[PDB]
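Colleague: just coords:
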Ligand SMILES: COCCOCc1nn(C)c2c1CSCc1cc(n(C)n1)CCc1cc(c3ccc(F)cc3c1)OCCCc1c(C(=O)O)n(C)c3c-2c(Cl)ccc13
Ligand SMILES: OC[C@H]1O[C@H](O[C@H]2[C@H](O)[C@@H](O)[C@@H](O)O[C@@H]2CO)[C@H](O)[C@@H](O)[C@@H]1O
């Protein structure tokens with residue numbers, strides 16, 4: 001139901017120092033009498049947006065910064081307004097990671113990058129290249145060991161290799177070009193082909209997950225793993241003689257890990273926002289607060305300058321920041337969730353042999369592009385229907401598909417508006433859409449109606465065609481400013497409800513083919 005006033009509920013991932021965070025919670029309770037409950041639910045990054053949308057969930061959510069732009073866009077996060085004195089205590093680049101549309105939407109905690117972790121008793125010198133790992137595995141298999149095991153179920157761990165020879169998520173030049181996705185280029189293919197060849201040649205197993213890789217490294221059965229600072233605690237307990245070092249190069253180029261800033265957001269529906277701010281600023285983001293978490297599971301390079309100066313002498317942190325420098329700080333754009341879902345499926349299907357590398361990355365490209373391509377088509381159709389004049393701007397990336405989808409939608413959507421004028425006029429009058437607040441109300445009812453019953457291109461045409469019908473109404477009553485929000489809302493409904501179906505149709509190319517006369 002509603003978040004309980006007078007306590008704090010905190011969500012953090014089960015691989016992080018949640019017992020250390022609970023100790024900070026106990027210090028908070030000692031001062032204030034306010035009880036702090038720390039939970040680590042499974043899939044909390046997927047659960048948070050579901051429960052927070054209903055005004056429920058934790059007061060504070062911890063995740064890497066990449067997921068907070070989506071949460072902020074969805075209205076699920078309170079704006080963070082620390083004073084200059086507090087802001088100056090953290091590195092400016094960490095605040096940049098938690099800025100979305102010019103507003104701070106979380107507190108940055110620590111910088112995370114993957115490193116190569118190696119067993120000095122099996123491999124005194126780690127391999128500098130991915131290319132030498134097959135030969136090393138052959139040497140180690142003769143000793144009853146293997147070279148490398150890491151999580152193949154989460155694309156976070158394979159991304160550094162995919163990115164090495166030129167794979168990218170969203171092109172960054174000067175600003176992100178969200179229309180420019182680098183998932184199915186020659187560089188991405190080269191990296192994922194290398195991983196699949198390691199599996200084909202029995203150097204790795206497609207079924208290896210976080211738990212299997214951690215157990216094999218910590219038992220001394222595999223010489224190397226790929227993991228973040230949080231993993232170091234369990235390796236210390238195992239008494240493995242380990243090193244943390246630069247990831248291997250691929251085709252002479254560095255592995256490029258996607259760099260995360262562990263961040264703490266405040267639930268927009270929390271009645272405990274002042275308690276949450278007090279906890280995060282004056283208990284957690286202190287030398288003693290971060291020490292308590294770091295002693296449980298290491299954070300990496302903490303955002304708090306005073307404590308980072310103390311930790312920076314650690315060679316494992318130096319290695320973390322060397323890999324971070326060769327990588328890229330993740331975007332926080334709302335499309336990151338879709339990007340990760342698309343690439344997760346691609347790596348798992350390529351690794352298992354369900355798809356070829358070409359097939360897998362083609363689907364991942366379509367899934368990653370789906371929101372922005374859908375919005376380009378739907379925004380243009382609604383606006384030209386409302387105003388009577390087309391947009392002269394270039395379509396940009398995958399422009400032929402956008403142009404031909406808009407041409408098709410002009411033919412079939414104009415026909416739907418003509419033939420279903422009665423139902424459209426009746427429903428427009430019942431909805432009584434007057435302003436941007438009324439447009440924002442449509443999402444819930446649209447999802448309900450559209451998600452029920454059969455999936456086909458005709459119902460997608462009806463969804464967008466009624467959008468155009470509403471947009472014409474909005475322009476006429478001098479609410480033209482409502483049209484882009486309406487287009488965004490319809491696009492969100494379409495892509496969230498029909499993601500998997502749309503990718504199976506080759507997205508908008510399927511639409512053009514389906515309605516080809
Ligand atoms: C006077 O005669 C009566 C006969 O009428 C029967 C009929 N025939 N037709 C064609 C539709 C209907 C009503 S029953 C479906 C319905 C629609 C709504 N409610 C509450 N119920 C309003 C909530 C809503 C739903 C939207 C919206 C999309 C863009 C937008 F800007 C605002 C939207 C608001 O999209 C749902 C999926 C697309 C859709 C479909 C579909 O999926 O097939 N149908 C059948 C629609 C009908 C209408 Cl009028 C509008 C849209 C659809
Ligand atoms: O695998 C995709 C996944 O990558 C990142 O998640 C990391 C997280 O940042 C780390 O702190 C650690 O918990 O491992 C996770 C990988 O299992 C992204 O932050 C996440 O959004 C994305 O889904």
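Modeller: Cool, the structure landed. Residues are numbered from 1 along each chain as shown. Ligands and ions are numbered 1, 2, ... in the order given.
Colleague: can you pull the buried residues of the lengthiest helix in the chain?
Modeller: Longest helix of the chain, by residue count under DSSP state H: helix 357-387. For helix 357-387, the neighbour count (16 or more other CB atoms under 10 Å) marks 357, 360-386 as buried. Using the backbone N, CA and C atoms, a C-beta is placed for each residue, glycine as well.
Colleague: quick one: name the residues of the protein near ligand 1.
Modeller: Within reach of ligand 1 by CB under 6 Å from any ligand atom, the chain has these residues: 420, 422-424, 426-427, 442, 445-446, 449-450, 459, 462-463, 466-467, 470, 486, 490.
Colleague: which helices and strands sit right next to the longest helix of the chain?
Modeller: The contact analysis (3 or more CB pairs under 8 Å, 6 or more residues apart in numbering; DSSP states H and E) places helix 357-387 against strand 176-182, helix 186-200, helix 336-352, helix 399-419, helix 457-476, helix 483-504, helix 507-514.
Colleague: the first one vs helix 399-419, what angle?
Modeller: Relative orientation of strand 176-182 with respect to helix 399-419: 110 degrees, computed using axes from the mean of the first three to the mean of the last three CA atoms, to 10 degrees.
Colleague: where does the residue lying closest to residue 48 once chain neighbours are set aside land in three-state SS?
Modeller: Nearest non-adjacent residue to residue 48, counting by CB to CB, 6 or more residues apart in numbering: residue 61, 5.1 Å away. Three-state assignment for residue 61 (DSSP: H, G, I helix; E, B strand; the rest coil): strand.
Colleague: what is the neighbour count of residue 61?
Modeller: 27 (other CB atoms under 10 Å).
Colleague: so what does residue 208 have for phi and psi?
Modeller: phi -60, psi 130 (degrees, to the nearest 10).
Colleague: that one and ligand 1: what is the separation?
Modeller: 43 Å (CB to the nearest ligand atom, to the nearest Å).
Colleague: pretty sure that residue contacts residue 151?
Modeller: Yes - the criterion here is CB atoms under 8 Å, and residue 208 meets it with residue 151 at 6.9 Å.
Colleague: does ligand 2 have contacts with the helix or strand where residue 171 lies?
Modeller: Using DSSP states H and E, residue 171 falls within strand 168-172. No - with CB under 6 Å from any ligand atom as the criterion, ligand 2 is not reached by strand 168-172; the gap is at least 11.1 Å.
Colleague: contacts for that strand, please.
Modeller: 176-178, 180-183, 185, 188, 258, 328, 331, 333, 335-336, 339, 368 (CB atoms under 8 Å, 6 or more residues apart in numbering).
Colleague: repeat that for stretch 115-127.
Modeller: Under the criterion CB under 8 Å, 6+ apart, residues 133, 136, 140, 143, 145, 147, 217, 220, 222-228, 231, 235, 240-248, 316, 319-320, 323 lie in contact with stretch 115-127.
Colleague: ok, the closest residue to ligand 1 within the stretch 101-250 of the chain - how many residues close by?
Modeller: Closest contact between the stretch 101-250 of the chain and ligand 1, by CB to the nearest ligand atom, is at residue 178 (23.4 Å). The number of residues packed near residue 178 is 20, by other CB under 10 Å.
Colleague: just the buried residues out of the contacts of stretch 115-127, in PyMOL syntax.
Modeller: This is how PyMOL selects the buried members of these, with burial counted by 16+ other CB under 10 Å:
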select buried, resi 133+136+140+145+147+217+222+223+224+225+226+227+228+231+235+240+242+243+244+245+246+247+248+316+319+320+323
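Colleague: returning to that earlier point: okay, now the sheet partners of the strand holding residue 171, with direction.
Modeller: Paired strands of strand 168-172, with direction, are strand 176-182 (antiparallel) (DSSP bridges).
Colleague: tell me the buried residues in the strand it pairs with?
Modeller: 178-182.
Colleague: now tabulate the residues you listed in CSV and tack on distance to residue 199.
Modeller: What follows is the buried residues of strand 176-182, written out as CSV (distance: CB to CB, whole Å):
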residue, distance to residue 199
178, 32
179, 33
180, 30
181, 25
182, 23
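Colleague: what ranges does the stretch 201-350 of the chain have for its helices?
Modeller: Here the stretch 201-350 of the chain has its helices, by DSSP state H, counting those that start in this stretch, at 210-218, 232-238, 273-279, 287-296, 305-311, 315-326, 336-352.
Colleague: was I right about residue 32 contacting residue 275?
Modeller: Yes - proximity of residue 32 to residue 275 meets the contact threshold set by CB under 8 Å, at 7.5 Å.
Colleague: look at these two and report which has more neighbours.
Modeller: Counted by other CB under 10 Å, residue 32 and residue 275 do not tie: residue 275 has more neighbours, with 21 against 14.
Colleague: find the nearest non-adjacent residue to the residue of the stretch 251-400 of the chain found nearest ligand 1, please.
Modeller: In the stretch 251-400 of the chain, no residue comes nearer to ligand 1 than residue 382, which is 8.5 Å away by CB to the nearest ligand atom. Spatial nearest neighbour of residue 382, excluding adjacent residues (CB to CB, 6+ apart): residue 471 at 4.0 Å.
Colleague: neighbours of the one you found, how many?
Modeller: With other CB under 10 Å as criterion, residue 471 counts 27.
Colleague: up against ligand 2, what does the stretch 1-150 of the chain have?
Modeller: 13, 15, 45, 64, 66-67, 112.
Colleague: what about the residues you listed, which are in strands?
Modeller: Residues of those located in strands (DSSP state E): 64, 112.
Colleague: any idea which of the residues of the stretch 1-150 of the chain next to ligand 2 is closest to ligand 2?
Modeller: Nearest member of those to ligand 2, counting by CB to the nearest ligand atom, is residue 64, at 3.3 Å.
Colleague: does that closest one touch residue 264 like I think?
Modeller: No - look at residue 64 against residue 264 with CB under 8 Å: they stay out of range, at 11.3 Å.
Colleague: quick revisit: report the buried residues of the strand holding residue 171.
Modeller: 168-170.
Colleague: over to stretch 143-162?
Modeller: Here stretch 143-162 shows 145-162 as buried, counting by 16+ other CB under 10 Å.
Colleague: got the angle for the lengthiest strand in the chain vs helix 287-296?
Modeller: Ranked by residue count under DSSP E, the longest strand found in the chain is strand 258-266. Regarding strand 258-266 and helix 287-296, their directions subtend 120 degrees when assessed with the same axes, to 10 degrees.
Colleague: adjacent strands (with direction) for strand 258-266?
Modeller: In the sheet, strand 258-266 lines up with strand 60-64 (antiparallel), strand 107-112 (antiparallel), strand 328-329 (parallel) (DSSP bridges).
Colleague: mind listing what residue 59 touches?
Modeller: By CB under 8 Å, 6+ apart, the contact list for residue 59 reads 3, 7-10, 266-267, 270, 272, 275-276.
Colleague: ok, which pair from those is furthest apart?
Modeller: Farthest apart among the contacts of residue 59 by CB to CB are 7 and 266. That separation is 14.2 Å.
Colleague: which of the two has more residues huddled nearby?
Modeller: residue 266 (26 against 14).
Colleague: what's the closest non-adjacent residue to the more buried one?
Modeller: Residue 266 sits nearest to residue 78 (CB to CB, 6+ apart), 4.1 Å away.
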